[PDB]
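Chains as they are written, first to last, in full-length UniProt numbering: chain A, 2 to 149; chain B, 78 to 185; chain C, 41 to 348; chain D, 41 to 206; chain E, 40 to 48, 54 to 98, 105 to 200, 207 to 294; chain F, 9 to 161; chain G, 33 to 324. For each residue, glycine too, the CB sits at the ideal point set by N, CA and C.
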RNA sequence: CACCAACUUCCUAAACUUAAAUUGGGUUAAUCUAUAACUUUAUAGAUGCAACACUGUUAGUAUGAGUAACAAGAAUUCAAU
Ligand SMILES: [Mg+2]
Ligand SMILES: [Mg+2]
Ligand SMILES: [Mg+2]
Ligand SMILES: [Mg+2]
Ligand SMILES: [Mg+2]
Ligand SMILES: [Mg+2]
Ligand SMILES: [Mg+2]
Ligand SMILES: [Mg+2]
Ligand SMILES: [Mg+2]
Ligand SMILES: [Mg+2]
Ligand SMILES: [Mg+2]
Ligand SMILES: [Mg+2]
Ligand SMILES: [Mg+2]
Ligand SMILES: [Mg+2]
Ligand SMILES: [Mg+2]
Ligand SMILES: [Mg+2]
Ligand SMILES: [Mg+2]
Ligand SMILES: [Zn+2]
């Protein structure tokens, strides 16, 4: 599936940790049904856990839309422009609470194979190896067998 | 002998799109100066030739009417004359075929 | 159309210019060929003497046909007639460039028209100042035997009594079977043989599960370069530049052949007597008889043979 | 069935602004249900690809295949409508952008055999498609030169990275 | 075994044309309904010099009242409100509004602003085209010029002198006939019509009259080739 | 191997070849211009040339009469050969027949065709390939070269 | 600097094109009838002062476009790219017509005009090259000639075999460019301004202006190069296939100014010559050509 | 005088310890009915309830293959000579 799928390298949206850490998640949309067995758990999330999540994350704008609905859905939008949608159909408060926190911590970067666990922009301090390093010079720079 | 395996489109596509099997482009096509229709360099024009043969059929029709039957070929030279022309002294004693139309420009 | 079009020398020539160009092209052939008739007076390259182990140039000739010939012993020998025709030396390489130990000379014979030839070949001859030749061939020549390019060669370059080797393309037989290509026996005509008379038998054995490379099979027969070794020279006709060579020569009549001294062990250094660089008629040291014969040959106009 | 090729001629683009390159005209034409094999028709359709209208007609007029005459008629029909209906100013200012053969709706019959046996005959039909674009034929492809090949080799070398490390 | 050869039968015409058929004419049980009549009852001949004038014409019509005003009486008999004093203005509204539809291509509205002899003469040669018609000021006021009547139809030719702009384009947006935006003055005679009898009949544009003495219209930008006679090998040019 | 053989294999066999060519020759003599396949017209051209030679020999020649009798199946043509065609070609030493290639036959076999005729006939002239005029650019330059070469010796 | 002259001359040439093009307002249709042997009776309605004889050939087919080198508009030869002015009769002339005299002259002039362009830019900017005239010589002469006055420093210098070969290498590069032969009929006033520096051109311009009732002169441009012309010219520089600068002969009575005539030979794509025939015709094109 | 090497074992996080006829258990795709839901869902009750394979059945389309094989005597002035 690696050859059947795309890949990328480890990265951050705007050098997130260098100067100041900024939370990537910027919007949550939750659509609910006032009376629907599938949306019962999501309803309890609004009653109990939505306000506390909203306060902990003041940079995330949260929209709650009770409406005649068949499946409750969560839409998460990020600064880099990624959009993620989740079925919340017939999930407990514990599952929806767990899912919502995972979305906040994530970045918009696509969840695909990451080629290397590490990444540097300044790999070398002392100079990158080239074939001449560890080769001693010769007087007058005479190549082998040169008469002069 | 029967095939042991079905042949793939990728194998077949190489065989039937090989240059050896493609239609070769022709460099010998040119125009007829008189009619402006296309012709090959080494063959006669099919449009100018069509004019000649249609006139030839008309003449051969007239010859048959004059003879009136099989095995009536003359033992003397033949000549064709068009309206407004009369036999010359050199034309004496030669079968004359008469055509209603005027002398064609090409025919001399 | 703004595309490729075909042309040939005659397409745009008028009726009058058609004859004029023909006479002009033939006129040039005359003047060019008479310019090279005198090699020795046109800065000839130095003429080294013969030393053992030398190899001199050969000639390209046309195959006229065959005729009978007799010796003073009464034996009849079928002989082939080879005509040396517009044979000139064309190119010289040194030992280094040819990559052999020995050097190379390229000769060419049988001048041809100039009208259906590539521009490349025509430029090659225009530099050399010769009309185009039908065929090129390469001869291995030692340094002492090098001859300057543009030098004509003549049948007198060979003399009766020397043995020679001729190489030419054999007569083509087209695609053939296995009986006529390799002399396979085949299968019986009757007694139950079903649809197998001239067919190859078993290709190979069952074990190897393949056909060995080089297995003899039906294919295209003839049109190959072959060489005949050790053919005696019975007579040379200096007037018409005809060489009489014992026996058969590969190829059809009017086929060009390559003639050079024989490379067989016996006649290793027989070119001592022959003109070592080549035979120069421009030198005119002595004027040759019209017909040169080998001593055993019975010449016509001689008294009838009486083995007294 | 599907007959989209005919409707491709009914697209209407909005008026172009004065400061914009003039859009070349495009004409789509087809002949449906030709009693001819699409495979055999491919060679004829292939040959005239990219050639100009007059060049294609010259090549077709001297071809001995049945499809050659059929393709010629389609091209003449396409040429006339281009001037008559698609505001093409010059007849000669056209080249064959696309030309391909498609399978048609065939028939099933019986081909008799020697021993009371038979096989399934197919009476094959094909379609022929062309798109004509106003303007001279695009220039032919030029093979890559030795210097062109060498530069690509050097780019291949320069792209290299140290693999599986920091 | 096998399957049977069913013959498996804009198509009936070919079927019967190849086979050939006796198509006896049929008497239409319901008579076809016509809301307008092809042609003009009396084609008004525009007097010479009627253009390039920078009311006298209206006086001439008053003189022709012998053959025209009597028709107006009939127009009043069925409506009793058709006054040639105010009609000129209403005529302009139709004309201007009708032509505007072409820009949108609101063929729906046109059918309510033109008759069945003008719609085919306004849209047929504009399919797969994007016209752009705009009305610049009118040089002089419109004037009635001829009123005729014949189930019963009445036509009131109107004379208008206005300035307009037209910029027809191809499918590909390329310009074909006109200048993008440049006014040109036009003196055209329009022929309105109405079905007096029908309760739901009104005034719609029927046709236009082209004086012989009119100047030639602007030519198309593109250059045309008119093919000469095509000759078979038998024939020769003359 | 068919090296050196100067005949095509036509018809049902050797006899059938002669009869097929014989009918074409009989048509050519009667009509003086015939259309046939290029291969068959090429095969019959040689007999067309030689037939005129026999006519030249003369009416009184018995060998000519027997040969003319065999080849002309319609016997009215025998006077024509001896008294019309042969007198016409008295001056010429050869090349009595003119053979040209015409477009391929439009009959689903796409045969290669040719029109074969006797020279000097009364029919409308064939549209022969005509060479360029001396007034063309290339011809004039060649004409210019010719004048200089002849005038200057 | 020579570059300054080319830049200034080009601007006036470009300026004149716009001036005359602007002078003609609107689009006017003209009836031009095809009077040629083939496709007779065709009538082209074309735009006045914009359409050209080539545009008429465009309608018929691509064969006319390739094969038509000149056209007779009312019995006079017209450049294929020269705009038409009025309703007229048009006929297309090719190299292979029975009477190609007009085509032969037009081709011969164009080859000489190309020869002038190559020469001027071949020599180093340090030296000075002055073109004097393009002589009118019959095709029978065997070569087209162009007269040039070079710098005094070169009066004792004669081009070598490679120098004439290089001159030809550039001509076979002008051909590859495939440049159209632009045409203008311009008043004497503008022509003199574009050729003010060259005295030889000025007098030539005067002779042509004197001949015509008006002061109209014919100017032709190949890329940057501009020149006066004796008459119509070939549509494009791609018509040529074989080109050759053959021999340079210095006119003997040339003491006040050493005027050197460079000769050449060319053949179109339509009438190509075999390898040997080219040789002979070129050798015969290396002999001094007198003007008659 | 050693190195290399099978998650054998350690390490971070986890996990709690071995061909296959057969046996025990936890979920579930689809559709219908009851009552709800209202961009396609929930709890129950039901069933012709899930196919990479039976020389499976029907239909379609390939491969072999544009291959094996098939056909009209000639010319002309053409229900003709
Ligand atoms: Mg492969
Ligand atoms: Mg045997
Ligand atoms: Mg047998
Ligand atoms: Mg093996
Ligand atoms: Mg049976
Ligand atoms: Mg099958
Ligand atoms: Mg053979
Ligand atoms: Mg043979
Ligand atoms: Mg383990
Ligand atoms: Mg198991
Ligand atoms: Mg089931
Ligand atoms: Mg299935
Ligand atoms: Mg099986
Ligand atoms: Mg199955
Ligand atoms: Mg198949
Ligand atoms: Mg096979
Ligand atoms: Mg077969
Ligand atoms: Zn013709």
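Collapsing the DSSP output to three states places residue 98 of chain E in coil. When C-beta distances to chain G are compared with 7 Å, the residues of the region 262 to 292 of chain E below that value are 275, 277, 279, 280, 281, 282, 283, 284 and 285, in chain order. Of all residues in the region 117 to 150 of chain B, none comes within less than 7 Å of chain G when Cβ atoms are compared. Contact between residue 145 of chain F and residue 303 of chain G is confirmed by a C-beta separation of about 6 Å, below the 8 Å threshold. For residue 152 of chain E and residue 261 of chain E, the gap between their C-alpha atoms comes out near 14 Å. Residue 244 of chain G sits in coil when the DSSP states are folded into three classes, being neither helix nor strand. Under the 10 Å beta carbon count, residue 10 of chain A is surrounded by fewer than 16 other beta carbons and is classified as exposed. Residues of chain G with a Cβ closer than 8 Å to the Cβ of residue 133 of chain D are, in chain order, 90. Separation of residue 97 of chain G and residue 76 of chain G (C-alpha to C-alpha, rounded to the nearest whole angstrom) is 15 Å. In the DSSP assignment, the residues bridged to residue 162 of chain D are D:148. Counting of Cβ neighbours within 10 angstroms places residue 347 of chain C among the exposed residues, the total staying below 16.
A distance criterion of 7 Å places the beta-carbon of residue 154 of chain D beyond contact range of ligand 5, judged by its closest non-hydrogen atom. The nearest non-hydrogen atom of ligand 6 is less than 7 Å from the C-beta of residue 159 of chain D. Under DSSP, residue 109 of chain F takes part in a beta bridge, and its partners are F:122. Closest by C-alpha distance to residue 255 of chain G, out of G:322, G:210, G:282 and G:290, is G:210. With a threshold of 7 Å, the Cβ atom of residue 272 of chain G does not count as near ligand 1, since no heavy atom of the ligand is closer than that. Between ligand 8 and residue 13 of chain F, a heavy atom-to-CB distance of less than 7 Å is present. Interface flag for residue 106 of chain B against chain G is unset, since no Cβ pair is found closer than 8 Å. Scanning chain E for C-beta atoms nearer than 7 Å to the C-beta of residue 56 of chain G yields nothing, as the closest lies near 14 Å away. For a Cβ distance threshold of 8 Å, residue set 94, 97 and 98 of chain G lies close to residue 42 of chain C, ordered along the chain.
Spanning the alpha carbons of residue 65 of chain G and residue 44 of chain D requires a straight line of approximately 42 Å.
In chain order, 113, 267 and 268 place their CB closer than 7 Å to the CB of residue 212 of chain G, counting only its own chain and leaving out the 5 sequence neighbours on each side. Within the chosen limit of 7 Å, ligand 4 reaches the beta carbon of residue 248 of chain C through at least one heavy atom. Your pair residue 194 of chain E and residue 137 of chain E checks out as a contact, with CB atoms roughly 6 Å apart and the cut at 8 Å. Spanning the alpha carbons of residue 318 of chain C and residue 187 of chain C requires a straight line of approximately 8 Å.
In the DSSP annotation of this structure, the continuous segment of the alpha helix (DSSP H) that includes residue 54 of chain F starts and ends at 46 to 65.
Exposure of residue 20 of chain F is indicated by the presence of fewer than 16 other C-beta atoms within 10 angstroms of its C-beta. The region 62 to 81 of chain D makes contact with the region 166 to 186 of chain D: 3 or more CB pairs, one atom from each, lie closer than 8 Å. Contact residues of the region 90 to 103 of chain D toward chain C are 91, 92, 94, 95 and 98 (C-beta to C-beta distance below 9 Å). Apart from the 5 residues on each side of it in sequence, residue 125 of chain C sits with its Cβ closer than 6 Å to the Cβ of 102, 149 and 150 in its chain, given in chain order. Proximity of residue 209 of chain C to chain F, defined by a Cβ-Cβ separation below 8 Å, is not satisfied. Inter-segment contact for the region 45 to 65 of chain F and the region 22 to 37 of chain F is present: three or more beta-carbon pairs are separated by less than 8 Å. Distance between residue 134 of chain D and residue 293 of chain E, taken at the CA atoms: about 29 Å. Ranked by how close their Cα comes to the Cα of residue 84 of chain A, the residues A:97, A:74, A:99 and A:92 have A:74 in first place. Per DSSP, residue 178 of chain C is one residue of the beta strand (DSSP E) stretching across 173 to 181. Residue 197 of chain D has a beta carbon lying at 8 Å or more from every beta carbon in chain A.
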